[PDB]
Amino acid sequence: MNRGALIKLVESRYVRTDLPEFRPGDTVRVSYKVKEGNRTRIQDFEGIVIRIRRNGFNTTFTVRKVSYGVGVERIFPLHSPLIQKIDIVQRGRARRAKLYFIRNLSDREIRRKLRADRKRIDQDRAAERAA
Amino acid sequence: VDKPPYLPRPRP
Amino acid sequence: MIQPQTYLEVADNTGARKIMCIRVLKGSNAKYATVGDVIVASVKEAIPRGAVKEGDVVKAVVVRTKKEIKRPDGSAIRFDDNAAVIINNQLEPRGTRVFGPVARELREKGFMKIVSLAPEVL
Amino acid sequence: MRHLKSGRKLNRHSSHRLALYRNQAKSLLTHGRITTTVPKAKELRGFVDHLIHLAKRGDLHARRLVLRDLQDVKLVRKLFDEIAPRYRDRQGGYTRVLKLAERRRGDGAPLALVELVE
Amino acid sequence: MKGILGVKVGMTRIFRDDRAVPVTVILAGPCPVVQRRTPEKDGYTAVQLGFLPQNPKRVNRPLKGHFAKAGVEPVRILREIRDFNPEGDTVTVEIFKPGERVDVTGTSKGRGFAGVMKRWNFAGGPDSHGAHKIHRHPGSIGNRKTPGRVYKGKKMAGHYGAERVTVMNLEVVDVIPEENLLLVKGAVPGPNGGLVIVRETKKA
Amino acid sequence: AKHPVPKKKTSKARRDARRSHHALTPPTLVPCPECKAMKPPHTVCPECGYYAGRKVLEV
RNA sequence: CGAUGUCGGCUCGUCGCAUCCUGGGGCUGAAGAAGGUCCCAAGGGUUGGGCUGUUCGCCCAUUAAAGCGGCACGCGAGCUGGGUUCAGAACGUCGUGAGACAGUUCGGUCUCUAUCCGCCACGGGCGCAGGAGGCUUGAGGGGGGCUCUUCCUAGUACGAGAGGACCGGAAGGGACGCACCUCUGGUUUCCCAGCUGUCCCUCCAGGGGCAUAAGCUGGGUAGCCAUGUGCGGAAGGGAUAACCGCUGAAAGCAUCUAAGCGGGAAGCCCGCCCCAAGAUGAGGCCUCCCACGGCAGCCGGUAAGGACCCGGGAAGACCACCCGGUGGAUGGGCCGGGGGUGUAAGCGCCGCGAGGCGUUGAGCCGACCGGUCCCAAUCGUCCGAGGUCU
RNA sequence: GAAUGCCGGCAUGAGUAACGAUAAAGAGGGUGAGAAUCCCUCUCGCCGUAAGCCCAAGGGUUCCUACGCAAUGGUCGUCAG
RNA sequence: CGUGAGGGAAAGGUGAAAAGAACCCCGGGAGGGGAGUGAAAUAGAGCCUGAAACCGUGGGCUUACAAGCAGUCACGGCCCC
Ligand SMILES: [Mg+2]
Ligand SMILES: [Mg+2]
Ligand SMILES: [Mg+2]
Ligand SMILES: [Mg+2]
Ligand SMILES: [Mg+2]
Ligand SMILES: [Mg+2]
Ligand SMILES: [Mg+2]
Ligand SMILES: [Mg+2]
Ligand SMILES: [Mg+2]
Ligand SMILES: [Mg+2]
Ligand SMILES: [Mg+2]
Ligand SMILES: [Mg+2]
Ligand SMILES: [Mg+2]
Ligand SMILES: [Mg+2]
Ligand SMILES: [Mg+2]
Ligand SMILES: [Mg+2]
Ligand SMILES: [Mg+2]
Ligand SMILES: [Mg+2]
Ligand SMILES: [Mg+2]
Ligand SMILES: [Mg+2]
Ligand SMILES: [Mg+2]
Ligand SMILES: [Mg+2]
Ligand SMILES: [Mg+2]
Ligand SMILES: [Mg+2]
Ligand SMILES: [Mg+2]
Ligand SMILES: [Mg+2]
Ligand SMILES: [Mg+2]
Ligand SMILES: [Mg+2]
Ligand SMILES: [Mg+2]
Ligand SMILES: [Mg+2]
Ligand SMILES: [Mg+2]
Ligand SMILES: [Mg+2]
Ligand SMILES: [Mg+2]
Ligand SMILES: [Mg+2]
Ligand SMILES: [Mg+2]
Ligand SMILES: [Mg+2]
Ligand SMILES: [Mg+2]
Ligand SMILES: [Mg+2]
Ligand SMILES: [Mg+2]
Ligand SMILES: [Mg+2]
Ligand SMILES: [Mg+2]
Ligand SMILES: [Mg+2]
Ligand SMILES: [Mg+2]
Ligand SMILES: [Mg+2]
Ligand SMILES: [Mg+2]
Ligand SMILES: [Mg+2]
Ligand SMILES: [Mg+2]
Ligand SMILES: [Mg+2]
Ligand SMILES: [Mg+2]
Ligand SMILES: [Mg+2]
Ligand SMILES: [Mg+2]
Ligand SMILES: [Mg+2]
Ligand SMILES: [Mg+2]
Ligand SMILES: [Mg+2]
Ligand SMILES: [Mg+2]
Ligand SMILES: [Mg+2]
Ligand SMILES: [Mg+2]
Ligand SMILES: [Mg+2]
Ligand SMILES: [Mg+2]
Ligand SMILES: [Mg+2]
Ligand SMILES: [Mg+2]
Ligand SMILES: [Mg+2]
Ligand SMILES: [Mg+2]
Ligand SMILES: [Mg+2]
Ligand SMILES: [Mg+2]
Ligand SMILES: [Mg+2]
Ligand SMILES: [Mg+2]
Ligand SMILES: [Mg+2]
Ligand SMILES: [Mg+2]
Ligand SMILES: [Mg+2]
Ligand SMILES: [Mg+2]
Ligand SMILES: [Mg+2]
Ligand SMILES: [Mg+2]
Ligand SMILES: [Mg+2]
Ligand SMILES: [Mg+2]
Ligand SMILES: [Mg+2]
Ligand SMILES: [Mg+2]
Ligand SMILES: [Mg+2]
Ligand SMILES: [Mg+2]
Ligand SMILES: [Mg+2]
Ligand SMILES: [Mg+2]
Ligand SMILES: [Mg+2]
Ligand SMILES: [Mg+2]
Ligand SMILES: [Mg+2]
Ligand SMILES: [Mg+2]
Ligand SMILES: [Mg+2]
Ligand SMILES: [Mg+2]
Ligand SMILES: [Mg+2]
Ligand SMILES: [Mg+2]
Ligand SMILES: [Mg+2]
Ligand SMILES: [Mg+2]
Ligand SMILES: [Mg+2]
Ligand SMILES: [Mg+2]
Ligand SMILES: [Mg+2]
Ligand SMILES: [Mg+2]
Ligand SMILES: [Mg+2]
Ligand SMILES: [Mg+2]
Ligand SMILES: [Mg+2]
Ligand SMILES: [Mg+2]
Ligand SMILES: [Mg+2]
Ligand SMILES: [Mg+2]
Ligand SMILES: [Mg+2]
Ligand SMILES: [Mg+2]
Ligand SMILES: [Mg+2]
Ligand SMILES: [Mg+2]
Ligand SMILES: [Mg+2]
Ligand SMILES: [Mg+2]
Ligand SMILES: [Mg+2]
Ligand SMILES: [Mg+2]
Ligand SMILES: [Mg+2]
Ligand SMILES: [Mg+2]
Ligand SMILES: [Mg+2]
Ligand SMILES: [Mg+2]
Ligand SMILES: [Mg+2]
Ligand SMILES: [Mg+2]
Ligand SMILES: [Mg+2]
Ligand SMILES: [Mg+2]
Ligand SMILES: [Mg+2]
Ligand SMILES: [Mg+2]
Ligand SMILES: [Mg+2]
Ligand SMILES: [Mg+2]
Ligand SMILES: [Mg+2]
Ligand SMILES: [Mg+2]
Ligand SMILES: [Mg+2]
Ligand SMILES: [Mg+2]
Ligand SMILES: [Mg+2]
Ligand SMILES: [Mg+2]
Ligand SMILES: [Mg+2]
Ligand SMILES: [Mg+2]
Ligand SMILES: [Mg+2]
Ligand SMILES: [Mg+2]
Ligand SMILES: [Mg+2]
Ligand SMILES: [Mg+2]
Ligand SMILES: [Mg+2]
Ligand SMILES: [Mg+2]
Ligand SMILES: [Mg+2]
Ligand SMILES: [Mg+2]
Ligand SMILES: [Mg+2]
Ligand SMILES: [Mg+2]
Ligand SMILES: [Mg+2]
Ligand SMILES: [Mg+2]
Ligand SMILES: [Mg+2]
Ligand SMILES: [Mg+2]
Ligand SMILES: [Mg+2]
Ligand SMILES: [Mg+2]
Ligand SMILES: [Mg+2]
Ligand SMILES: [Mg+2]
Ligand SMILES: [Mg+2]
Ligand SMILES: [Mg+2]
Ligand SMILES: [Mg+2]
Ligand SMILES: [Mg+2]
Ligand SMILES: [Mg+2]
Ligand SMILES: [Mg+2]
Ligand SMILES: [Mg+2]
Ligand SMILES: [Mg+2]
Ligand SMILES: [Mg+2]
Ligand SMILES: [Mg+2]
Ligand SMILES: [Mg+2]
Ligand SMILES: [Mg+2]
Ligand SMILES: [Mg+2]
Ligand SMILES: [Mg+2]
Ligand SMILES: [Mg+2]
Ligand SMILES: [Mg+2]
Ligand SMILES: [Mg+2]
Ligand SMILES: [Mg+2]
Ligand SMILES: [Mg+2]
Ligand SMILES: [Mg+2]
Ligand SMILES: [Mg+2]
Ligand SMILES: [Mg+2]
Ligand SMILES: [Mg+2]
Ligand SMILES: [Mg+2]
Ligand SMILES: [Mg+2]
Ligand SMILES: [Mg+2]
Ligand SMILES: [Mg+2]
Ligand SMILES: [Mg+2]
Ligand SMILES: [Mg+2]
Ligand SMILES: [Mg+2]
Ligand SMILES: [Mg+2]
Ligand SMILES: [Mg+2]
Ligand SMILES: [Mg+2]
Ligand SMILES: [Mg+2]
Ligand SMILES: [Mg+2]
Ligand SMILES: [Mg+2]
Ligand SMILES: [Mg+2]
Ligand SMILES: [Mg+2]
Ligand SMILES: [Mg+2]
Ligand SMILES: [Mg+2]
Ligand SMILES: [Mg+2]
Ligand SMILES: [Mg+2]
Ligand SMILES: [Mg+2]
Ligand SMILES: [Mg+2]
Ligand SMILES: [Mg+2]
Ligand SMILES: [Mg+2]
Ligand SMILES: [Zn+2]
């Protein structure tokens, strides 16, 4: 028996494919389904992704933003059904995989450290050309 | 209850 | 994860600035208060001529924590500081405004008045 | 607990243990056959096999990689030129360990021989 | 009181009703009944189950005879489910439906010779303030001349784990008959690849 | 610590009972299929240098 | 008195019940809710802080409650050493003085090795009248045993009003326990990268040692983990405690009792989980081998089987246990995937240059899920029933 | 037959603690009855205001070579003060 | 041993005579086995006698459901004379 194959088999029902690729440093908007009372609605959470854990169906990523003077980080599962869609708002280039260091940096300092990933931007315009 | 020690502490 | 000795930023305009938890009000021996819990706290730092002054022993509900909180949808949320909002014994906020986002858990736990006053709920 | 951990410690700290493996590789790759204690022998296998399998690759990168462990330009040159080619069609298993029958006198340590395969 | 042998395969989580559900996957079926214990013959009621296909080259002659009396191919593991009497000559995962509630028995991971702090959750000693080589020590183990001895069962260091543990009242989240899979909500004893036993729960 | 110490001399009987496990097991040896000499199994024969039906070593 | 170490703390408990809480009751100056008082009950529970060496006590904030005692005022061959008993020094006081003070003050050497019993763990031996491989019954033990809030019943019964139920039914927490690693969060001694000083290879480029037993830094897989996840306390049956009765004499009435029968607790017995036939009272079922030689016995050759040896293992101090040994995927290589790191070296282009861009998610790459006989588990050896007697 | 007597012998604890700085080792060749420990080579590590060098105390042949290994060397020894 | 004044041991025996064991064997040696000496070699130099504790080998009886200042009294089993 193949234990890995059998696990992957269970997971395949829930595996998601509509979500766009992104990297630590990209600025991203996540449309997340949220329940409040007595309805469910879609709230947007948009910030820099500072982390991507990888583990097959169980990869999760972490988006950080400042909200009304307070820093807020969110952790989403990449295959969570409660994510309506993900919108790349900007490609930024980090030299690292995990960007915990930006938690301690001023807005100016961050802007210098996270320059625009010009390569993956033109590359995004290279697609996005419909036939 | 503090009662007086009956032994000295041992010496080398 | 707020426990006795923890300092909390107050996120209202009661005049308090910094409170220090001295008991987490959640049963006979709660170890930590999280989002939506009430604590008893001493006011360690406050602004002049507020409703509340330095030294007062007030109650407050925790509105955001630096230790991330987990949600049944598999996600979680973490804030840059530990914050609370000072309340009266009827769980109503004592200030007239609240500053910064608050955790959605406040709604479920029946703190509607504070949620409605907050600029953002995450 | 040691659950699912790979790699002996051999009562040496990190750098010493590494040196041990490098120097034994140099020794094995130089004489083709060396004698050691059974534990050191077994551990030596993969350490050298990876080096041999890289000599098979031949590229400059591979030479610069293998050179980090072996250091000796002459030796590495022998590895790529003389050694590697006789393993072209062989896929892994370039070394073998065979346990000797007699123990060491001064400490009763069990001995074995490590060698490059034909 | 139904039951089935199986192997723990590993853990993941799935999504049910906007909720993440920690699950352990168990390869349960198929289990051939190779003996039935009867009150007339054995004095109690149970069904001896077999599990996993076995290389007949490894099965000795005493064992071979047993398997033949049941007309069943050689099997790696024999275990009994008590007070269970399936209609069939083979047990599959079908006997559990999602929503049901089960007990899982497994062999806990072995922590070998374990200290008193891991084994028994002792608090040990201080790490400063004068503490002298007793940081993970038990402290007192007794009194004085009365009683002048140590209690049986006195919590002390020693082996821990590699022992039978049964976790109860676990929700069956799904069952995938085509692959002999069982999805149970939460944590099951033992390592992946370890053998488990899945019985109907005795809770209310 | 307060320097624990034996209370009574160990009897000749009790000493010897402790040593009921101290016996040596003779080495396990099989014949070498080439030269018939006895040797540890799974070891290259130190008498003729043969292992797995072939010469491996000078003896 | 040829030594029984002396307060308090820490640690670890265990018992008592004259019960602090929770469970069950009778009386109440018991409307309800809440109290008072006594009876039954030791199953569990009995918080965090400030002061002081303190035990104790006062105080803060909570709580279902913040119980009182025994165990050499339990516990220093378990720790501490703040108190108190040494030698130093000073204050007050006493003494002409040396000195003294249930007066004060600052300081002041706490001993690696466990023989026996006991306790936690793990084996070796023999036994269990044939020898063996599996699977079990459970005598008897052990573990567990907590509790709160809100909501429905119902703003109902009750009460002038405030206030506010019994019974029955839901949801949600605190602490504790067992297990776990999907998530969250740790560690991850070399898995990747960056960096400084120096020595070296080989001058550049690229690299190696050392700076810790990782030079420093940023990350980080498996595993082991808690702050993270699942589940547990029961349900239920039986017998009772105080207490309440049914029927009923002695005693024409009355009486829970003298005959008999009910109801009745977190407690008791079963039930749940774990250990367990050395349960010498050594149990049971399935299956396998057999009437072997020579003289309930001795020697020897076998059978079914087993051990030795070897490759190993979320098993493990040794041992034991589990898997495998070419009839083979057991470890090591190699390959595929995962995973970490985050775009190698080399070349080309731009800048005077530090550098920058491209090739490029590149190169490197522990344990994870797998594939593959490339390397190694070669070859063998030794034990091992002939079945006592009515 | 006892004086924690005296002198000696031999036990026990026990194949137990320990084998004296955590700067560190690995292979090949040689010698020899015997080699992890002696010789040689290569690789690796440690000291370098020393763990290098030169005096003075103090020690008094320990210096050099040949032949040896019973004891001394905390193991071994073909080596050695 | 102590700077020093000073303190202060242990240790006798082959045989009548060395006749002190040539030679051979195993062993690097030590040691031992034969041979030889002697009245005697468990008189062989680690030498007269050679007690006891202490250690071992072989034999007989006995012991793995048993509670002990270890003996003592009775009976029985086994071994010996
Ligand atoms: Mg997996
Ligand atoms: Mg499959
Ligand atoms: Mg919004
Ligand atoms: Mg931002
Ligand atoms: Mg604020
Ligand atoms: Mg003030
Ligand atoms: Mg283990
Ligand atoms: Mg460890
Ligand atoms: Mg492994
Ligand atoms: Mg390594
Ligand atoms: Mg290992
Ligand atoms: Mg190993
Ligand atoms: Mg070493
Ligand atoms: Mg060692
Ligand atoms: Mg080093
Ligand atoms: Mg280092
Ligand atoms: Mg590898
Ligand atoms: Mg071998
Ligand atoms: Mg030697
Ligand atoms: Mg479903
Ligand atoms: Mg099992
Ligand atoms: Mg401990
Ligand atoms: Mg534990
Ligand atoms: Mg713990
Ligand atoms: Mg503690
Ligand atoms: Mg601690
Ligand atoms: Mg402390
Ligand atoms: Mg101390
Ligand atoms: Mg100390
Ligand atoms: Mg310490
Ligand atoms: Mg202790
Ligand atoms: Mg007693
Ligand atoms: Mg075990
Ligand atoms: Mg001590
Ligand atoms: Mg002590
Ligand atoms: Mg001690
Ligand atoms: Mg000490
Ligand atoms: Mg001692
Ligand atoms: Mg004693
Ligand atoms: Mg003795
Ligand atoms: Mg004896
Ligand atoms: Mg003994
Ligand atoms: Mg051997
Ligand atoms: Mg020869
Ligand atoms: Mg006395
Ligand atoms: Mg004495
Ligand atoms: Mg005495
Ligand atoms: Mg009472
Ligand atoms: Mg009550
Ligand atoms: Mg009560
Ligand atoms: Mg009332
Ligand atoms: Mg009233
Ligand atoms: Mg009452
Ligand atoms: Mg109680
Ligand atoms: Mg009790
Ligand atoms: Mg108590
Ligand atoms: Mg304090
Ligand atoms: Mg007081
Ligand atoms: Mg209260
Ligand atoms: Mg009350
Ligand atoms: Mg208190
Ligand atoms: Mg005391
Ligand atoms: Mg006390
Ligand atoms: Mg002490
Ligand atoms: Mg004390
Ligand atoms: Mg004591
Ligand atoms: Mg004490
Ligand atoms: Mg004591
Ligand atoms: Mg003191
Ligand atoms: Mg003081
Ligand atoms: Mg005092
Ligand atoms: Mg004192
Ligand atoms: Mg004093
Ligand atoms: Mg003074
Ligand atoms: Mg005066
Ligand atoms: Mg006076
Ligand atoms: Mg006086
Ligand atoms: Mg006077
Ligand atoms: Mg005077
Ligand atoms: Mg005094
Ligand atoms: Mg001082
Ligand atoms: Mg001293
Ligand atoms: Mg001492
Ligand atoms: Mg002992
Ligand atoms: Mg046993
Ligand atoms: Mg046994
Ligand atoms: Mg078996
Ligand atoms: Mg029982
Ligand atoms: Mg018993
Ligand atoms: Mg109502
Ligand atoms: Mg009314
Ligand atoms: Mg209710
Ligand atoms: Mg509950
Ligand atoms: Mg994981
Ligand atoms: Mg993790
Ligand atoms: Mg994780
Ligand atoms: Mg993590
Ligand atoms: Mg590396
Ligand atoms: Mg350079
Ligand atoms: Mg460098
Ligand atoms: Mg160097
Ligand atoms: Mg250096
Ligand atoms: Mg160093
Ligand atoms: Mg490094
Ligand atoms: Mg980290
Ligand atoms: Mg690091
Ligand atoms: Mg990890
Ligand atoms: Mg926890
Ligand atoms: Mg009941
Ligand atoms: Mg009843
Ligand atoms: Mg009547
Ligand atoms: Mg009656
Ligand atoms: Mg009744
Ligand atoms: Mg009754
Ligand atoms: Mg009734
Ligand atoms: Mg209960
Ligand atoms: Mg069992
Ligand atoms: Mg039995
Ligand atoms: Mg059994
Ligand atoms: Mg009995
Ligand atoms: Mg039996
Ligand atoms: Mg039976
Ligand atoms: Mg056989
Ligand atoms: Mg092993
Ligand atoms: Mg086997
Ligand atoms: Mg074989
Ligand atoms: Mg084979
Ligand atoms: Mg394999
Ligand atoms: Mg493989
Ligand atoms: Mg990948
Ligand atoms: Mg990747
Ligand atoms: Mg580039
Ligand atoms: Mg490049
Ligand atoms: Mg240029
Ligand atoms: Mg790969
Ligand atoms: Mg092969
Ligand atoms: Mg194949
Ligand atoms: Mg053979
Ligand atoms: Mg006398
Ligand atoms: Mg004496
Ligand atoms: Mg004496
Ligand atoms: Mg004495
Ligand atoms: Mg004497
Ligand atoms: Mg005497
Ligand atoms: Mg003496
Ligand atoms: Mg001992
Ligand atoms: Mg020891
Ligand atoms: Mg040792
Ligand atoms: Mg030492
Ligand atoms: Mg040393
Ligand atoms: Mg060190
Ligand atoms: Mg050599
Ligand atoms: Mg040599
Ligand atoms: Mg040597
Ligand atoms: Mg030697
Ligand atoms: Mg210098
Ligand atoms: Mg001179
Ligand atoms: Mg001298
Ligand atoms: Mg001399
Ligand atoms: Mg000279
Ligand atoms: Mg000389
Ligand atoms: Mg010489
Ligand atoms: Mg010598
Ligand atoms: Mg010698
Ligand atoms: Mg010698
Ligand atoms: Mg010596
Ligand atoms: Mg020596
Ligand atoms: Mg010495
Ligand atoms: Mg010399
Ligand atoms: Mg003197
Ligand atoms: Mg002198
Ligand atoms: Mg004198
Ligand atoms: Mg004398
Ligand atoms: Mg004479
Ligand atoms: Mg004479
Ligand atoms: Mg000779
Ligand atoms: Mg000769
Ligand atoms: Mg020689
Ligand atoms: Mg001689
Ligand atoms: Mg001889
Ligand atoms: Mg002779
Ligand atoms: Mg004659
Ligand atoms: Mg005569
Ligand atoms: Mg004689
Ligand atoms: Mg004589
Ligand atoms: Mg004599
Ligand atoms: Mg004479
Ligand atoms: Mg003699
Ligand atoms: Mg004698
Ligand atoms: Mg004997
Ligand atoms: Mg009995
Ligand atoms: Mg008997
Ligand atoms: Mg008799
Ligand atoms: Zn041979």
# chains A, B, ... in the order shown; residues from 1 in each chain; ligands from 1
$ residues_around --residues "residue 177 in chain G" --least-positions-apart "6" --cutoff "12 Å" --atoms "only C-alpha atoms (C1' of nucleotides)" --output "list in words"
residues 120 and 121 of chain E; 143, 144, 145, 146, 231, 232, 233 and 273 of chain G
$ write_last_selection --atoms "N, CA, C and O atoms (P, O5', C5', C4', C3', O3' and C1' of nucleotides)" --output "PDB file, in the first residue's frame"
ATOM      1  N   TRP E 120       4.607  11.727  33.815  1.00  0.00           N
ATOM      2  CA  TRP E 120       3.599  12.003  34.820  1.00  0.00           C
ATOM      3  C   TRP E 120       3.316  13.492  34.992  1.00  0.00           C
ATOM      4  O   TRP E 120       2.599  13.895  35.912  1.00  0.00           O
ATOM      5  N   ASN E 121       3.875  14.299  34.100  1.00  0.00           N
ATOM      6  CA  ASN E 121       3.628  15.732  34.094  1.00  0.00           C
ATOM      7  C   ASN E 121       4.017  16.405  35.388  1.00  0.00           C
ATOM      8  O   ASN E 121       3.413  17.400  35.768  1.00  0.00           O
TER       9      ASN E 121
ATOM     10  P     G G 143      -5.414   3.593  41.329  1.00  0.00           P
ATOM     11  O5'   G G 143      -5.755   4.177  39.885  1.00  0.00           O
ATOM     12  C5'   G G 143      -4.739   4.695  39.038  1.00  0.00           C
ATOM     13  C4'   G G 143      -5.256   4.974  37.646  1.00  0.00           C
ATOM     14  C3'   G G 143      -6.364   6.007  37.542  1.00  0.00           C
ATOM     15  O3'   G G 143      -5.863   7.329  37.545  1.00  0.00           O
ATOM     16  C1'   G G 143      -6.915   4.110  36.232  1.00  0.00           C
ATOM     17  P     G G 144      -6.504   8.441  38.504  1.00  0.00           P
ATOM     18  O5'   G G 144      -7.912   8.756  37.835  1.00  0.00           O
ATOM     19  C5'   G G 144      -7.985   9.243  36.504  1.00  0.00           C
ATOM     20  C4'   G G 144      -9.370   9.098  35.932  1.00  0.00           C
ATOM     21  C3'   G G 144     -10.483   9.771  36.712  1.00  0.00           C
ATOM     22  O3'   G G 144     -10.594  11.146  36.389  1.00  0.00           O
ATOM     23  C1'   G G 144     -11.123   7.559  36.138  1.00  0.00           C
ATOM     24  P     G G 145     -10.962  12.230  37.512  1.00  0.00           P
ATOM     25  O5'   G G 145     -12.422  11.808  37.967  1.00  0.00           O
ATOM     26  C5'   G G 145     -13.500  11.801  37.041  1.00  0.00           C
ATOM     27  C4'   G G 145     -14.757  11.265  37.673  1.00  0.00           C
ATOM     28  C3'   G G 145     -15.265  12.085  38.851  1.00  0.00           C
ATOM     29  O3'   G G 145     -16.689  12.150  38.839  1.00  0.00           O
ATOM     30  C1'   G G 145     -14.765   9.869  39.564  1.00  0.00           C
ATOM     31  P     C G 146     -17.419  13.377  38.098  1.00  0.00           P
ATOM     32  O5'   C G 146     -16.713  14.684  38.677  1.00  0.00           O
ATOM     33  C5'   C G 146     -16.615  14.892  40.074  1.00  0.00           C
ATOM     34  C4'   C G 146     -15.985  16.216  40.404  1.00  0.00           C
ATOM     35  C3'   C G 146     -16.851  17.433  40.173  1.00  0.00           C
ATOM     36  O3'   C G 146     -17.814  17.618  41.189  1.00  0.00           O
ATOM     37  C1'   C G 146     -14.726  17.838  39.282  1.00  0.00           C
ATOM     38  P     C G 231     -14.402  15.485  19.330  1.00  0.00           P
ATOM     39  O5'   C G 231     -14.175  14.537  20.587  1.00  0.00           O
ATOM     40  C5'   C G 231     -14.449  13.148  20.491  1.00  0.00           C
ATOM     41  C4'   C G 231     -13.721  12.332  21.533  1.00  0.00           C
ATOM     42  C3'   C G 231     -14.163  12.502  22.971  1.00  0.00           C
ATOM     43  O3'   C G 231     -15.386  11.867  23.281  1.00  0.00           O
ATOM     44  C1'   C G 231     -11.820  12.506  22.890  1.00  0.00           C
ATOM     45  P     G G 232     -16.216  12.346  24.569  1.00  0.00           P
ATOM     46  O5'   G G 232     -15.384  11.780  25.795  1.00  0.00           O
ATOM     47  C5'   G G 232     -15.253  10.389  26.014  1.00  0.00           C
ATOM     48  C4'   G G 232     -14.512  10.145  27.295  1.00  0.00           C
ATOM     49  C3'   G G 232     -15.166  10.730  28.534  1.00  0.00           C
ATOM     50  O3'   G G 232     -16.126   9.847  29.077  1.00  0.00           O
ATOM     51  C1'   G G 232     -12.885  11.350  28.472  1.00  0.00           C
ATOM     52  P     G G 233     -17.590  10.361  29.482  1.00  0.00           P
ATOM     53  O5'   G G 233     -17.487  10.537  31.059  1.00  0.00           O
ATOM     54  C5'   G G 233     -16.799   9.569  31.845  1.00  0.00           C
ATOM     55  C4'   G G 233     -16.350  10.135  33.168  1.00  0.00           C
ATOM     56  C3'   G G 233     -17.451  10.797  33.999  1.00  0.00           C
ATOM     57  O3'   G G 233     -17.222  10.582  35.396  1.00  0.00           O
ATOM     58  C1'   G G 233     -15.764  12.380  33.501  1.00  0.00           C
ATOM     59  P     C G 273     -14.167  -0.298  27.447  1.00  0.00           P
ATOM     60  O5'   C G 273     -12.781   0.412  27.745  1.00  0.00           O
ATOM     61  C5'   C G 273     -12.376   1.573  27.037  1.00  0.00           C
ATOM     62  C4'   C G 273     -11.108   2.121  27.628  1.00  0.00           C
ATOM     63  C3'   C G 273     -10.035   1.077  27.907  1.00  0.00           C
ATOM     64  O3'   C G 273      -9.223   0.798  26.782  1.00  0.00           O
ATOM     65  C1'   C G 273     -10.397   2.361  29.851  1.00  0.00           C
TER      66        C G 273
END
$ residues_around --residues "residue 13 in chain I" --least-positions-apart "5" --cutoff "12 Å" --atoms "only C-alpha atoms (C1' of nucleotides)" --output "ChimeraX atom specification"
/I:47-49
$ write_last_selection --atoms "N, CA, C and O atoms (P, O5', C5', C4', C3', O3' and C1' of nucleotides)" --output "PDB file, in the first residue's frame"
ATOM      1  P     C I  47      58.857 -19.501  48.896  1.00  0.00           P
ATOM      2  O5'   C I  47      59.366 -21.003  48.770  1.00  0.00           O
ATOM      3  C5'   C I  47      60.105 -21.624  49.805  1.00  0.00           C
ATOM      4  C4'   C I  47      60.496 -23.019  49.403  1.00  0.00           C
ATOM      5  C3'   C I  47      61.148 -23.870  50.475  1.00  0.00           C
ATOM      6  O3'   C I  47      60.186 -24.491  51.306  1.00  0.00           O
ATOM      7  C1'   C I  47      62.381 -24.032  48.456  1.00  0.00           C
ATOM      8  P     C I  48      60.127 -24.192  52.878  1.00  0.00           P
ATOM      9  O5'   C I  48      61.162 -25.215  53.505  1.00  0.00           O
ATOM     10  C5'   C I  48      61.269 -26.535  53.007  1.00  0.00           C
ATOM     11  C4'   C I  48      61.310 -27.529  54.133  1.00  0.00           C
ATOM     12  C3'   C I  48      59.971 -27.830  54.778  1.00  0.00           C
ATOM     13  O3'   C I  48      59.252 -28.816  54.066  1.00  0.00           O
ATOM     14  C1'   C I  48      61.570 -27.375  56.456  1.00  0.00           C
ATOM     15  P     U I  49      57.750 -28.527  53.597  1.00  0.00           P
ATOM     16  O5'   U I  49      56.895 -28.800  54.917  1.00  0.00           O
ATOM     17  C5'   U I  49      57.122 -29.962  55.705  1.00  0.00           C
ATOM     18  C4'   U I  49      56.838 -29.715  57.167  1.00  0.00           C
ATOM     19  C3'   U I  49      55.443 -29.223  57.489  1.00  0.00           C
ATOM     20  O3'   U I  49      54.506 -30.283  57.604  1.00  0.00           O
ATOM     21  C1'   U I  49      57.055 -27.920  58.656  1.00  0.00           C
TER      22        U I  49
END
$ interface_residues --of "chain A" --to "chain G" --cutoff "8 Å" --atoms "only C-alpha atoms (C1' of nucleotides)" --output "VMD selection string"
chain A and resid 2 to 5 54 to 56 58 95 to 98
$ interface_residues --of "chain A" --to "chain C" --cutoff "10 Å" --atoms "only C-alpha atoms" --output "ChimeraX atom specification"
/A:33-37,43-45,60-77,80-82,103
$ atom_distance --atom1 "CA of residue 13 in chain D" --atom2 "atom 1 (Mg, counted along the ligand's line) of ligand 103"
10.8 Å
